[PDB]
Every structure is written in C-alpha cells, then in structure tokens.
Amino acid sequence: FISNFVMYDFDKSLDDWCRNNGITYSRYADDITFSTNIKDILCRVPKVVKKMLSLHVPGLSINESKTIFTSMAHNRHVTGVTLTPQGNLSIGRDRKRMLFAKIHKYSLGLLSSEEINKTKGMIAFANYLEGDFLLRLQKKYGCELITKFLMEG
DNA sequence: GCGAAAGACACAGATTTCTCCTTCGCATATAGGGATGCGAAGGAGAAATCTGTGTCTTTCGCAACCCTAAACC
C-alpha cells in the first residue's frame, strides 16, 4: 500500500502525457506496459519515462535489459495471459492439452489423489479466465464423469 | 541492504640494462713523414619493466517464517 501511495504523482503525470498521443498505459507492481495501433510512435517513450522518473521520484531507475517490443506476428501476452490475434483472452494450447490429457488419464482411474487437488484449482482458474472451459469439457467427456470428478474428495 | 575474502583502478619510484659520449691509440694506403679514417675501453645517463600503497566491488544461507488449490508482484 505504501508503494502504491508513493507512485501517485508518477502515475498521474505519465497518464495525461500518454492519453494525448493515443497510447494505452498500465502499471502492475514494478512492471509498466504501453500499447497502441499507430506505427513508429513507441520509440520515443523511453526518454520520457526516464525524465519523469528523475523529476517526480528521485532514486529510481530503469533496468535497460528487460525492454520488449512486440506485434501481432509473434507471441503476445500481458502478465501471464495470452492474446490471440482475434482479440480474445486465452490460456495457451499447451495448457489446454495439459488438462485434456490429465482428465483422460483420470477417466481410467490412473491418477493419484494429490493430482486431483492439483488439477482442480487449475481448472477453476482456467474456467474463470475463459468462461467456457467447462462446457467444452462436458461436451467431450460427458456430465456424469465431470460431476463425479468435481465432487471427489 | 550488504559479512569475509581476492581483484581492478590510479599514482609513485626504483633499478638493471643499454646506448650515446670521450680519448688516445692505431693503421694503412700514400722513401720517411703526415693524414683521413676506424677500432678499444671507460663513463655516462637514458628507459622499459617491475613493484608497492590506498580506495572501491562484490553480495552472505544473513537469532526473531508457515504448513489448502491456481495465477501475479
């Protein structure tokens, strides 16, 4: 809470500078992200943020070895959630096949009791992030098995 | 943010080795005498390599933590 209260002026000053140029800005703990649609406009902000940091909170500085540029032709994610080119949030294909294989192996009764509690939390998180994971699972394995798995333990 | 224990950075100074500077001695191509030129040892005084001192740098397994699942810092 103290850190959030401290970085108020920096947030306020950077917000109205980015708004006037059509750039979206957001900060999470000590991570800062910018995004836009205009070409060749994101190459000017590294000097601006440095001037703001020096002016509004003395002492802080930028780690210059963790700066990233990306577009629609490569992998895109924001703090652990993937953005498909269509414009929808996602968890990733590898995790989807992770869970589909785990549940299929569970249907044969070859899963330890620890992995049931392990997978239940991940399934709940994925359902919250997506909103339609449980429907797809029911449409593939049937409601009887899923309900039995859910009430297990 | 930074324990103990080894290096990097900057600044002196010291020393053995060597290379330039006398000094007179010689010599040999010209019938003895004199002269342009080169060789031999001291005697310097210059220079590259080495060595020594003082200020930082780095980042500990660093009395005093909870025990259900997932993601983030």
# chains A, B, ... in the order shown; residues from 1 in each chain; ligands from 1

call {"tool": "residues_around", "arguments": {"residues": "residue A:114", "least_positions_apart": "3", "cutoff": "12 Å", "atoms": "only C-alpha atoms (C1' of nucleotides)", "output": "JSON, numbers by chain"}}
result
{"A": [110, 111, 117, 118, 119, 120, 121, 152, 153], "B": [68, 69]}

call {"tool": "write_last_selection", "arguments": {"atoms": "N, CA and C atoms (P, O5', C5', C4', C3', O3' and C1' of nucleotides)", "output": "PDB file, in the first residue's frame"}}
result
ATOM      1  N   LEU A 110      -6.185 -43.723 -13.122  1.00  0.00           N
ATOM      2  CA  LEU A 110      -4.738 -43.854 -13.007  1.00  0.00           C
ATOM      3  C   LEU A 110      -4.108 -42.569 -12.480  1.00  0.00           C
ATOM      4  N   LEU A 111      -4.867 -41.791 -11.712  1.00  0.00           N
ATOM      5  CA  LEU A 111      -4.403 -40.525 -11.162  1.00  0.00           C
ATOM      6  C   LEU A 111      -4.342 -40.606  -9.644  1.00  0.00           C
ATOM      7  N   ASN A 117      -6.441 -32.756  -6.512  1.00  0.00           N
ATOM      8  CA  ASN A 117      -6.470 -31.425  -5.922  1.00  0.00           C
ATOM      9  C   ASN A 117      -5.583 -30.467  -6.699  1.00  0.00           C
ATOM     10  N   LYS A 118      -4.504 -30.978  -7.298  1.00  0.00           N
ATOM     11  CA  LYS A 118      -3.645 -30.129  -8.115  1.00  0.00           C
ATOM     12  C   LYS A 118      -4.400 -29.593  -9.325  1.00  0.00           C
ATOM     13  N   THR A 119      -5.074 -30.484 -10.058  1.00  0.00           N
ATOM     14  CA  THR A 119      -5.753 -30.103 -11.291  1.00  0.00           C
ATOM     15  C   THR A 119      -7.045 -29.335 -11.042  1.00  0.00           C
ATOM     16  N   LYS A 120      -7.709 -29.552  -9.903  1.00  0.00           N
ATOM     17  CA  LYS A 120      -8.978 -28.866  -9.667  1.00  0.00           C
ATOM     18  C   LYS A 120      -8.802 -27.351  -9.605  1.00  0.00           C
ATOM     19  N   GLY A 121      -7.743 -26.882  -8.943  1.00  0.00           N
ATOM     20  CA  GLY A 121      -7.520 -25.449  -8.866  1.00  0.00           C
ATOM     21  C   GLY A 121      -7.197 -24.849 -10.220  1.00  0.00           C
ATOM     22  N   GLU A 152     -15.424 -35.360  -6.096  1.00  0.00           N
ATOM     23  CA  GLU A 152     -14.446 -36.241  -5.471  1.00  0.00           C
ATOM     24  C   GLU A 152     -13.667 -35.499  -4.394  1.00  0.00           C
ATOM     25  N   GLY A 153     -13.345 -36.206  -3.318  1.00  0.00           N
ATOM     26  CA  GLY A 153     -12.606 -35.618  -2.216  1.00  0.00           C
ATOM     27  C   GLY A 153     -13.443 -34.716  -1.331  1.00  0.00           C
TER      28      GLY A 153
ATOM     29  P    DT B  68      -1.509 -27.760   5.376  1.00  0.00           P
ATOM     30  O5'  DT B  68      -2.074 -27.689   3.882  1.00  0.00           O
ATOM     31  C5'  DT B  68      -3.381 -27.181   3.635  1.00  0.00           C
ATOM     32  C4'  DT B  68      -3.747 -27.331   2.170  1.00  0.00           C
ATOM     33  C3'  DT B  68      -2.951 -26.452   1.221  1.00  0.00           C
ATOM     34  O3'  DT B  68      -2.902 -27.055  -0.064  1.00  0.00           O
ATOM     35  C1'  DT B  68      -5.196 -25.767   1.194  1.00  0.00           C
ATOM     36  P    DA B  69      -1.646 -26.807  -1.034  1.00  0.00           P
ATOM     37  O5'  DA B  69      -2.317 -26.559  -2.463  1.00  0.00           O
ATOM     38  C5'  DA B  69      -3.039 -27.602  -3.099  1.00  0.00           C
ATOM     39  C4'  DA B  69      -3.866 -27.059  -4.248  1.00  0.00           C
ATOM     40  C3'  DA B  69      -3.225 -25.918  -5.009  1.00  0.00           C
ATOM     41  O3'  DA B  69      -2.366 -26.428  -6.017  1.00  0.00           O
ATOM     42  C1'  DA B  69      -5.549 -25.488  -4.605  1.00  0.00           C
TER      43       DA B  69
END

call {"tool": "interface_residues", "arguments": {"of": "chain B", "to": "chain A", "cutoff": "8 Å", "atoms": "only C-alpha atoms (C1' of nucleotides)", "output": "number ranges by chain"}}
result
B: 69-73

call {"tool": "atom_distance", "arguments": {"atom1": "atom CA of residue A:104", "atom2": "atom CA of residue A:83"}}
result
27.2 Å

call {"tool": "select_by_dssp", "arguments": {"residues": "stretch 32-76 of chain A", "states": "strand (DSSP E)", "output": "PyMOL selection string"}}
result
chain A and resi 32-35

call {"tool": "atom_distance", "arguments": {"atom1": "atom CA of residue A:106", "atom2": "atom CA of residue A:93"}}
result
19.9 Å

call {"tool": "residues_around", "arguments": {"residues": "residue B:48", "least_positions_apart": "4", "cutoff": "12 Å", "atoms": "only C-alpha atoms (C1' of nucleotides)", "output": "MDAnalysis selection string"}}
result
chainID B and resid 15:18

call {"tool": "select_by_dssp", "arguments": {"residues": "stretch 1-124 of chain A", "states": "alpha helix (DSSP H)", "output": "PDB file with N, CA, C and O atoms, in the first residue's frame"}}
result
ATOM      1  N   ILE A   2       1.991   1.192   0.725  1.00  0.00           N
ATOM      2  CA  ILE A   2       2.846   2.365   0.792  1.00  0.00           C
ATOM      3  C   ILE A   2       3.407   2.643  -0.591  1.00  0.00           C
ATOM      4  O   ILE A   2       3.471   3.796  -1.031  1.00  0.00           O
ATOM      5  N   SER A   3       3.824   1.588  -1.301  1.00  0.00           N
ATOM      6  CA  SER A   3       4.410   1.787  -2.623  1.00  0.00           C
ATOM      7  C   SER A   3       3.379   2.360  -3.588  1.00  0.00           C
ATOM      8  O   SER A   3       3.685   3.256  -4.396  1.00  0.00           O
ATOM      9  N   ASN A   4       2.129   1.883  -3.484  1.00  0.00           N
ATOM     10  CA  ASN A   4       1.086   2.400  -4.363  1.00  0.00           C
ATOM     11  C   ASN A   4       0.834   3.872  -4.081  1.00  0.00           C
ATOM     12  O   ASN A   4       0.640   4.663  -5.010  1.00  0.00           O
ATOM     13  N   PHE A   5       0.828   4.254  -2.805  1.00  0.00           N
ATOM     14  CA  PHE A   5       0.603   5.655  -2.469  1.00  0.00           C
ATOM     15  C   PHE A   5       1.766   6.513  -2.950  1.00  0.00           C
ATOM     16  O   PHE A   5       1.565   7.647  -3.398  1.00  0.00           O
ATOM     17  N   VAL A   6       2.988   5.985  -2.860  1.00  0.00           N
ATOM     18  CA  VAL A   6       4.173   6.745  -3.247  1.00  0.00           C
ATOM     19  C   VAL A   6       4.165   7.063  -4.737  1.00  0.00           C
ATOM     20  O   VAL A   6       4.484   8.187  -5.142  1.00  0.00           O
ATOM     21  N   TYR A   8       1.990   7.821  -6.842  1.00  0.00           N
ATOM     22  CA  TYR A   8       0.796   8.509  -7.328  1.00  0.00           C
ATOM     23  C   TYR A   8       1.142   9.586  -8.347  1.00  0.00           C
ATOM     24  O   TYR A   8       0.532   9.655  -9.420  1.00  0.00           O
ATOM     25  N   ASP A   9       2.091  10.464  -8.011  1.00  0.00           N
ATOM     26  CA  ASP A   9       2.419  11.568  -8.906  1.00  0.00           C
ATOM     27  C   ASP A   9       2.961  11.060 -10.235  1.00  0.00           C
ATOM     28  O   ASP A   9       2.624  11.597 -11.297  1.00  0.00           O
ATOM     29  N   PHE A  10       3.835  10.053 -10.193  1.00  0.00           N
ATOM     30  CA  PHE A  10       4.362   9.483 -11.426  1.00  0.00           C
ATOM     31  C   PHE A  10       3.239   8.924 -12.290  1.00  0.00           C
ATOM     32  O   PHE A  10       3.182   9.185 -13.501  1.00  0.00           O
ATOM     33  N   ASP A  11       2.310   8.178 -11.674  1.00  0.00           N
ATOM     34  CA  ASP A  11       1.188   7.652 -12.446  1.00  0.00           C
ATOM     35  C   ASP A  11       0.384   8.781 -13.073  1.00  0.00           C
ATOM     36  O   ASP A  11       0.049   8.731 -14.266  1.00  0.00           O
ATOM     37  N   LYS A  12       0.128   9.839 -12.303  1.00  0.00           N
ATOM     38  CA  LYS A  12      -0.737  10.911 -12.781  1.00  0.00           C
ATOM     39  C   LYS A  12      -0.088  11.648 -13.942  1.00  0.00           C
ATOM     40  O   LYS A  12      -0.741  11.938 -14.951  1.00  0.00           O
ATOM     41  N   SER A  13       1.202  11.963 -13.817  1.00  0.00           N
ATOM     42  CA  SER A  13       1.869  12.736 -14.855  1.00  0.00           C
ATOM     43  C   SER A  13       2.038  11.919 -16.129  1.00  0.00           C
ATOM     44  O   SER A  13       1.867  12.449 -17.233  1.00  0.00           O
ATOM     45  N   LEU A  14       2.378  10.632 -16.009  1.00  0.00           N
ATOM     46  CA  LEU A  14       2.539   9.829 -17.219  1.00  0.00           C
ATOM     47  C   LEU A  14       1.205   9.551 -17.905  1.00  0.00           C
ATOM     48  O   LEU A  14       1.158   9.421 -19.140  1.00  0.00           O
ATOM     49  N   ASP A  15       0.109   9.508 -17.140  1.00  0.00           N
ATOM     50  CA  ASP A  15      -1.185   9.188 -17.733  1.00  0.00           C
ATOM     51  C   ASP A  15      -1.605  10.235 -18.755  1.00  0.00           C
ATOM     52  O   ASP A  15      -1.982   9.897 -19.884  1.00  0.00           O
ATOM     53  N   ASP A  16      -1.562  11.514 -18.376  1.00  0.00           N
ATOM     54  CA  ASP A  16      -2.071  12.532 -19.283  1.00  0.00           C
ATOM     55  C   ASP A  16      -1.117  12.825 -20.430  1.00  0.00           C
ATOM     56  O   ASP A  16      -1.536  13.421 -21.427  1.00  0.00           O
ATOM     57  N   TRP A  17       0.145  12.415 -20.317  1.00  0.00           N
ATOM     58  CA  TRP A  17       1.037  12.509 -21.462  1.00  0.00           C
ATOM     59  C   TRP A  17       0.738  11.407 -22.465  1.00  0.00           C
ATOM     60  O   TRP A  17       0.760  11.643 -23.678  1.00  0.00           O
ATOM     61  N   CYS A  18       0.461  10.195 -21.978  1.00  0.00           N
ATOM     62  CA  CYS A  18       0.184   9.102 -22.904  1.00  0.00           C
ATOM     63  C   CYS A  18      -1.199   9.224 -23.528  1.00  0.00           C
ATOM     64  O   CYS A  18      -1.401   8.788 -24.666  1.00  0.00           O
ATOM     65  N   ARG A  19      -2.159   9.798 -22.802  1.00  0.00           N
ATOM     66  CA  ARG A  19      -3.514   9.925 -23.333  1.00  0.00           C
ATOM     67  C   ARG A  19      -3.567  10.847 -24.548  1.00  0.00           C
ATOM     68  O   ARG A  19      -4.287  10.570 -25.515  1.00  0.00           O
ATOM     69  N   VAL A  45       9.008   6.967 -26.017  1.00  0.00           N
ATOM     70  CA  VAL A  45       8.645   6.906 -24.601  1.00  0.00           C
ATOM     71  C   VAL A  45       9.796   6.542 -23.660  1.00  0.00           C
ATOM     72  O   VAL A  45       9.739   6.945 -22.488  1.00  0.00           O
ATOM     73  N   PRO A  46      10.832   5.782 -24.058  1.00  0.00           N
ATOM     74  CA  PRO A  46      11.910   5.510 -23.090  1.00  0.00           C
ATOM     75  C   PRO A  46      12.603   6.752 -22.551  1.00  0.00           C
ATOM     76  O   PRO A  46      13.038   6.740 -21.394  1.00  0.00           O
ATOM     77  N   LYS A  47      12.738   7.819 -23.340  1.00  0.00           N
ATOM     78  CA  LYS A  47      13.330   9.035 -22.790  1.00  0.00           C
ATOM     79  C   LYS A  47      12.337   9.786 -21.914  1.00  0.00           C
ATOM     80  O   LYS A  47      12.725  10.393 -20.902  1.00  0.00           O
ATOM     81  N   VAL A  48      11.047   9.682 -22.240  1.00  0.00           N
ATOM     82  CA  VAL A  48      10.039  10.414 -21.487  1.00  0.00           C
ATOM     83  C   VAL A  48       9.906   9.819 -20.098  1.00  0.00           C
ATOM     84  O   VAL A  48       9.819  10.546 -19.100  1.00  0.00           O
ATOM     85  N   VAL A  49       9.869   8.488 -20.007  1.00  0.00           N
ATOM     86  CA  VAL A  49       9.676   7.877 -18.702  1.00  0.00           C
ATOM     87  C   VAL A  49      10.882   8.180 -17.826  1.00  0.00           C
ATOM     88  O   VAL A  49      10.753   8.373 -16.615  1.00  0.00           O
ATOM     89  N   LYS A  50      12.075   8.208 -18.425  1.00  0.00           N
ATOM     90  CA  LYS A  50      13.286   8.487 -17.661  1.00  0.00           C
ATOM     91  C   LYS A  50      13.262   9.902 -17.098  1.00  0.00           C
ATOM     92  O   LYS A  50      13.599  10.127 -15.925  1.00  0.00           O
ATOM     93  N   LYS A  51      12.812  10.868 -17.909  1.00  0.00           N
ATOM     94  CA  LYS A  51      12.694  12.233 -17.403  1.00  0.00           C
ATOM     95  C   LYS A  51      11.646  12.326 -16.304  1.00  0.00           C
ATOM     96  O   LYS A  51      11.852  13.017 -15.298  1.00  0.00           O
ATOM     97  N   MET A  52      10.532  11.604 -16.452  1.00  0.00           N
ATOM     98  CA  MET A  52       9.501  11.657 -15.422  1.00  0.00           C
ATOM     99  C   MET A  52      10.007  11.036 -14.127  1.00  0.00           C
ATOM    100  O   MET A  52       9.728  11.544 -13.034  1.00  0.00           O
ATOM    101  N   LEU A  53      10.751   9.934 -14.236  1.00  0.00           N
ATOM    102  CA  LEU A  53      11.266   9.261 -13.054  1.00  0.00           C
ATOM    103  C   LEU A  53      12.232  10.168 -12.317  1.00  0.00           C
ATOM    104  O   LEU A  53      12.215  10.240 -11.084  1.00  0.00           O
ATOM    105  N   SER A  54      13.095  10.864 -13.061  1.00  0.00           N
ATOM    106  CA  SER A  54      14.040  11.756 -12.406  1.00  0.00           C
ATOM    107  C   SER A  54      13.328  12.942 -11.772  1.00  0.00           C
ATOM    108  O   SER A  54      13.747  13.425 -10.715  1.00  0.00           O
ATOM    109  N   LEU A  55      12.257  13.431 -12.404  1.00  0.00           N
ATOM    110  CA  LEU A  55      11.601  14.640 -11.921  1.00  0.00           C
ATOM    111  C   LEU A  55      10.709  14.382 -10.709  1.00  0.00           C
ATOM    112  O   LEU A  55      10.650  15.213  -9.797  1.00  0.00           O
ATOM    113  N   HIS A  56      10.012  13.242 -10.671  1.00  0.00           N
ATOM    114  CA  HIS A  56       8.945  13.036  -9.698  1.00  0.00           C
ATOM    115  C   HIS A  56       9.282  12.089  -8.555  1.00  0.00           C
ATOM    116  O   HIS A  56       8.619  12.155  -7.516  1.00  0.00           O
ATOM    117  N   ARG A  93      -2.401 -23.162 -25.818  1.00  0.00           N
ATOM    118  CA  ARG A  93      -2.731 -24.500 -26.298  1.00  0.00           C
ATOM    119  C   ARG A  93      -2.057 -25.588 -25.470  1.00  0.00           C
ATOM    120  O   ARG A  93      -2.648 -26.658 -25.247  1.00  0.00           O
ATOM    121  N   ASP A  94      -0.840 -25.327 -24.988  1.00  0.00           N
ATOM    122  CA  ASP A  94      -0.117 -26.338 -24.225  1.00  0.00           C
ATOM    123  C   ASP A  94      -0.851 -26.679 -22.937  1.00  0.00           C
ATOM    124  O   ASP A  94      -0.948 -27.851 -22.562  1.00  0.00           O
ATOM    125  N   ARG A  95      -1.430 -25.677 -22.274  1.00  0.00           N
ATOM    126  CA  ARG A  95      -2.141 -25.961 -21.034  1.00  0.00           C
ATOM    127  C   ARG A  95      -3.476 -26.639 -21.314  1.00  0.00           C
ATOM    128  O   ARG A  95      -3.933 -27.466 -20.514  1.00  0.00           O
ATOM    129  N   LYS A  96      -4.106 -26.319 -22.445  1.00  0.00           N
ATOM    130  CA  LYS A  96      -5.351 -26.991 -22.785  1.00  0.00           C
ATOM    131  C   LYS A  96      -5.112 -28.477 -22.992  1.00  0.00           C
ATOM    132  O   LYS A  96      -5.866 -29.313 -22.480  1.00  0.00           O
ATOM    133  N   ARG A  97      -4.046 -28.833 -23.717  1.00  0.00           N
ATOM    134  CA  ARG A  97      -3.755 -30.254 -23.861  1.00  0.00           C
ATOM    135  C   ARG A  97      -3.210 -30.859 -22.572  1.00  0.00           C
ATOM    136  O   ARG A  97      -3.436 -32.049 -22.320  1.00  0.00           O
ATOM    137  N   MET A  98      -2.636 -30.030 -21.691  1.00  0.00           N
ATOM    138  CA  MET A  98      -2.222 -30.495 -20.373  1.00  0.00           C
ATOM    139  C   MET A  98      -3.425 -31.000 -19.596  1.00  0.00           C
ATOM    140  O   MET A  98      -3.433 -32.133 -19.091  1.00  0.00           O
ATOM    141  N   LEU A  99      -4.514 -30.237 -19.641  1.00  0.00           N
ATOM    142  CA  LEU A  99      -5.667 -30.592 -18.830  1.00  0.00           C
ATOM    143  C   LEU A  99      -6.464 -31.691 -19.507  1.00  0.00           C
ATOM    144  O   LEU A  99      -7.012 -32.569 -18.828  1.00  0.00           O
ATOM    145  N   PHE A 100      -6.554 -31.658 -20.837  1.00  0.00           N
ATOM    146  CA  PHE A 100      -7.322 -32.692 -21.513  1.00  0.00           C
ATOM    147  C   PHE A 100      -6.680 -34.052 -21.278  1.00  0.00           C
ATOM    148  O   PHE A 100      -7.377 -35.036 -20.994  1.00  0.00           O
ATOM    149  N   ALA A 101      -5.343 -34.118 -21.334  1.00  0.00           N
ATOM    150  CA  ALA A 101      -4.678 -35.390 -21.085  1.00  0.00           C
ATOM    151  C   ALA A 101      -4.809 -35.804 -19.626  1.00  0.00           C
ATOM    152  O   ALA A 101      -4.976 -36.994 -19.329  1.00  0.00           O
ATOM    153  N   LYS A 102      -4.750 -34.843 -18.693  1.00  0.00           N
ATOM    154  CA  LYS A 102      -4.888 -35.216 -17.287  1.00  0.00           C
ATOM    155  C   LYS A 102      -6.263 -35.812 -17.019  1.00  0.00           C
ATOM    156  O   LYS A 102      -6.385 -36.840 -16.342  1.00  0.00           O
ATOM    157  N   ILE A 103      -7.310 -35.204 -17.578  1.00  0.00           N
ATOM    158  CA  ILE A 103      -8.656 -35.710 -17.339  1.00  0.00           C
ATOM    159  C   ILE A 103      -8.848 -37.057 -18.023  1.00  0.00           C
ATOM    160  O   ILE A 103      -9.496 -37.958 -17.475  1.00  0.00           O
ATOM    161  N   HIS A 104      -8.293 -37.225 -19.228  1.00  0.00           N
ATOM    162  CA  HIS A 104      -8.432 -38.513 -19.896  1.00  0.00           C
ATOM    163  C   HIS A 104      -7.756 -39.615 -19.094  1.00  0.00           C
ATOM    164  O   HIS A 104      -8.303 -40.714 -18.956  1.00  0.00           O
ATOM    165  N   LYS A 105      -6.563 -39.344 -18.556  1.00  0.00           N
ATOM    166  CA  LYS A 105      -5.915 -40.338 -17.710  1.00  0.00           C
ATOM    167  C   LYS A 105      -6.697 -40.567 -16.423  1.00  0.00           C
ATOM    168  O   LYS A 105      -6.642 -41.660 -15.850  1.00  0.00           O
ATOM    169  N   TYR A 106      -7.428 -39.552 -15.955  1.00  0.00           N
ATOM    170  CA  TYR A 106      -8.253 -39.733 -14.765  1.00  0.00           C
ATOM    171  C   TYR A 106      -9.441 -40.641 -15.038  1.00  0.00           C
ATOM    172  O   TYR A 106      -9.857 -41.397 -14.153  1.00  0.00           O
ATOM    173  N   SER A 107      -9.996 -40.583 -16.250  1.00  0.00           N
ATOM    174  CA  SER A 107     -11.143 -41.421 -16.587  1.00  0.00           C
ATOM    175  C   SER A 107     -10.818 -42.907 -16.510  1.00  0.00           C
ATOM    176  O   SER A 107     -11.734 -43.722 -16.358  1.00  0.00           O
ATOM    177  N   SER A 113      -4.251 -39.180  -5.728  1.00  0.00           N
ATOM    178  CA  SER A 113      -5.143 -38.245  -5.048  1.00  0.00           C
ATOM    179  C   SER A 113      -4.564 -36.838  -4.992  1.00  0.00           C
ATOM    180  O   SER A 113      -5.320 -35.860  -4.951  1.00  0.00           O
ATOM    181  N   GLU A 114      -3.236 -36.707  -4.981  1.00  0.00           N
ATOM    182  CA  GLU A 114      -2.630 -35.379  -4.959  1.00  0.00           C
ATOM    183  C   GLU A 114      -2.891 -34.631  -6.262  1.00  0.00           C
ATOM    184  O   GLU A 114      -3.171 -33.423  -6.250  1.00  0.00           O
ATOM    185  N   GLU A 115      -2.841 -35.336  -7.394  1.00  0.00           N
ATOM    186  CA  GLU A 115      -3.034 -34.659  -8.666  1.00  0.00           C
ATOM    187  C   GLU A 115      -4.476 -34.222  -8.868  1.00  0.00           C
ATOM    188  O   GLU A 115      -4.721 -33.305  -9.654  1.00  0.00           O
ATOM    189  N   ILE A 116      -5.429 -34.823  -8.154  1.00  0.00           N
ATOM    190  CA  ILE A 116      -6.815 -34.386  -8.281  1.00  0.00           C
ATOM    191  C   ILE A 116      -6.968 -32.978  -7.720  1.00  0.00           C
ATOM    192  O   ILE A 116      -7.522 -32.083  -8.372  1.00  0.00           O
ATOM    193  N   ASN A 117      -6.441 -32.756  -6.512  1.00  0.00           N
ATOM    194  CA  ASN A 117      -6.470 -31.425  -5.922  1.00  0.00           C
ATOM    195  C   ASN A 117      -5.583 -30.467  -6.699  1.00  0.00           C
ATOM    196  O   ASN A 117      -5.866 -29.267  -6.756  1.00  0.00           O
ATOM    197  N   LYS A 118      -4.504 -30.978  -7.298  1.00  0.00           N
ATOM    198  CA  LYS A 118      -3.645 -30.129  -8.115  1.00  0.00           C
ATOM    199  C   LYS A 118      -4.400 -29.593  -9.325  1.00  0.00           C
ATOM    200  O   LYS A 118      -4.385 -28.390  -9.604  1.00  0.00           O
ATOM    201  N   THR A 119      -5.074 -30.484 -10.058  1.00  0.00           N
ATOM    202  CA  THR A 119      -5.753 -30.103 -11.291  1.00  0.00           C
ATOM    203  C   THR A 119      -7.045 -29.335 -11.042  1.00  0.00           C
ATOM    204  O   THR A 119      -7.458 -28.545 -11.899  1.00  0.00           O
ATOM    205  N   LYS A 120      -7.709 -29.552  -9.903  1.00  0.00           N
ATOM    206  CA  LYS A 120      -8.978 -28.866  -9.667  1.00  0.00           C
ATOM    207  C   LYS A 120      -8.802 -27.351  -9.605  1.00  0.00           C
ATOM    208  O   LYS A 120      -9.599 -26.600 -10.188  1.00  0.00           O
ATOM    209  N   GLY A 121      -7.743 -26.882  -8.943  1.00  0.00           N
ATOM    210  CA  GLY A 121      -7.520 -25.449  -8.866  1.00  0.00           C
ATOM    211  C   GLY A 121      -7.197 -24.849 -10.220  1.00  0.00           C
ATOM    212  O   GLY A 121      -7.681 -23.763 -10.563  1.00  0.00           O
ATOM    213  N   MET A 122      -6.380 -25.548 -11.010  1.00  0.00           N
ATOM    214  CA  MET A 122      -6.024 -25.031 -12.325  1.00  0.00           C
ATOM    215  C   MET A 122      -7.253 -24.975 -13.218  1.00  0.00           C
ATOM    216  O   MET A 122      -7.425 -24.028 -13.994  1.00  0.00           O
ATOM    217  N   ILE A 123      -8.121 -25.985 -13.117  1.00  0.00           N
ATOM    218  CA  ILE A 123      -9.339 -25.997 -13.918  1.00  0.00           C
ATOM    219  C   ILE A 123     -10.219 -24.818 -13.535  1.00  0.00           C
ATOM    220  O   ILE A 123     -10.790 -24.143 -14.399  1.00  0.00           O
ATOM    221  N   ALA A 124     -10.349 -24.555 -12.230  1.00  0.00           N
ATOM    222  CA  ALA A 124     -11.185 -23.440 -11.794  1.00  0.00           C
ATOM    223  C   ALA A 124     -10.628 -22.111 -12.291  1.00  0.00           C
ATOM    224  O   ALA A 124     -11.382 -21.240 -12.750  1.00  0.00           O
TER     225      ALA A 124
END

call {"tool": "residues_around", "arguments": {"residues": "residue B:22", "least_positions_apart": "3", "cutoff": "10 Å", "atoms": "only C-alpha atoms (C1' of nucleotides)", "output": "MDAnalysis selection string"}}
result
chainID B and resid 42:44

call {"tool": "write_last_selection", "arguments": {"atoms": "N, CA, C and O atoms (P, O5', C5', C4', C3', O3' and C1' of nucleotides)", "output": "mmCIF file, in the first residue's frame"}}
result
data_model
loop_
_atom_site.group_PDB
_atom_site.id
_atom_site.type_symbol
_atom_site.label_atom_id
_atom_site.label_comp_id
_atom_site.auth_asym_id
_atom_site.auth_seq_id
_atom_site.Cartn_x
_atom_site.Cartn_y
_atom_site.Cartn_z
ATOM 1 P P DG B 42 88.586 -0.767 -19.479
ATOM 2 O "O5'" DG B 42 87.251 0.102 -19.360
ATOM 3 C "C5'" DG B 42 86.924 0.748 -18.137
ATOM 4 C "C4'" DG B 42 87.153 2.244 -18.234
ATOM 5 C "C3'" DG B 42 86.228 3.081 -17.360
ATOM 6 O "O3'" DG B 42 86.891 4.266 -16.932
ATOM 7 C "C1'" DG B 42 85.833 3.578 -19.636
ATOM 8 P P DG B 43 86.337 5.070 -15.654
ATOM 9 O "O5'" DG B 43 85.041 5.845 -16.177
ATOM 10 C "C5'" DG B 43 85.171 6.907 -17.110
ATOM 11 C "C4'" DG B 43 83.805 7.446 -17.496
ATOM 12 C "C3'" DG B 43 82.737 7.371 -16.396
ATOM 13 O "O3'" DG B 43 82.134 8.649 -16.238
ATOM 14 C "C1'" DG B 43 81.904 6.525 -18.432
ATOM 15 P P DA B 44 81.620 9.143 -14.799
ATOM 16 O "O5'" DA B 44 80.092 9.545 -15.053
ATOM 17 C "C5'" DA B 44 79.222 8.627 -15.707
ATOM 18 C "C4'" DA B 44 78.695 9.194 -17.013
ATOM 19 C "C3'" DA B 44 77.241 9.675 -16.973
ATOM 20 O "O3'" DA B 44 77.170 11.042 -17.367
ATOM 21 C "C1'" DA B 44 77.629 8.299 -18.863
#

call {"tool": "atom_distance", "arguments": {"atom1": "atom CA of residue A:62", "atom2": "atom CA of residue A:43"}}
result
15.8 Å

call {"tool": "residues_around", "arguments": {"residues": "residue B:57", "least_positions_apart": "2", "cutoff": "12 Å", "atoms": "only C-alpha atoms (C1' of nucleotides)", "output": "JSON, numbers by chain"}}
result
{"B": [2, 6, 7, 8, 9, 55, 59]}

call {"tool": "write_last_selection", "arguments": {"atoms": "N, CA and C atoms (P, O5', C5', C4', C3', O3' and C1' of nucleotides)", "output": "compact mmCIF listing (two decimals), in the first residue's frame"}}
result
# COMPACT_ATOMS: atom_id res chain seq x y z
P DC B 2 23.82 -1.00 3.87
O5' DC B 2 24.60 -2.25 3.26
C5' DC B 2 25.74 -2.76 3.91
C4' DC B 2 25.76 -4.27 3.84
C3' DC B 2 27.11 -4.87 3.45
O3' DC B 2 27.45 -5.91 4.33
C1' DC B 2 25.40 -5.76 2.11
P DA B 6 41.26 -15.18 0.16
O5' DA B 6 40.86 -14.45 -1.19
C5' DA B 6 41.82 -14.31 -2.21
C4' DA B 6 41.17 -13.85 -3.50
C3' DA B 6 42.11 -13.19 -4.48
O3' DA B 6 41.68 -13.43 -5.80
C1' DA B 6 40.54 -11.60 -3.68
P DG B 7 42.74 -13.47 -7.01
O5' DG B 7 42.13 -12.44 -8.06
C5' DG B 7 41.92 -11.10 -7.67
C4' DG B 7 41.11 -10.35 -8.70
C3' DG B 7 41.94 -9.47 -9.62
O3' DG B 7 41.21 -9.16 -10.80
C1' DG B 7 40.82 -8.14 -8.00
P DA B 8 41.97 -8.51 -12.05
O5' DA B 8 41.38 -7.03 -12.15
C5' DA B 8 40.03 -6.82 -12.53
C4' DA B 8 39.62 -5.38 -12.26
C3' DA B 8 40.43 -4.33 -13.02
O3' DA B 8 39.56 -3.32 -13.49
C1' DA B 8 40.52 -3.89 -10.71
P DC B 9 40.04 -2.30 -14.63
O5' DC B 9 40.49 -1.00 -13.83
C5' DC B 9 39.51 -0.18 -13.21
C4' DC B 9 40.15 0.95 -12.41
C3' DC B 9 41.25 1.72 -13.14
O3' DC B 9 40.92 3.10 -13.15
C1' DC B 9 41.91 1.17 -10.94
P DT B 55 42.66 5.43 1.93
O5' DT B 55 41.45 5.24 0.90
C5' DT B 55 41.34 6.12 -0.21
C4' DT B 55 40.44 5.52 -1.28
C3' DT B 55 39.09 5.00 -0.79
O3' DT B 55 38.06 5.69 -1.49
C1' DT B 55 40.17 3.43 -2.23
P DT B 59 27.54 -9.74 -7.04
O5' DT B 59 26.92 -10.82 -6.03
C5' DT B 59 27.78 -11.57 -5.18
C4' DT B 59 27.24 -11.61 -3.76
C3' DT B 59 25.72 -11.62 -3.64
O3' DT B 59 25.31 -12.52 -2.62
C1' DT B 59 26.62 -9.80 -2.42
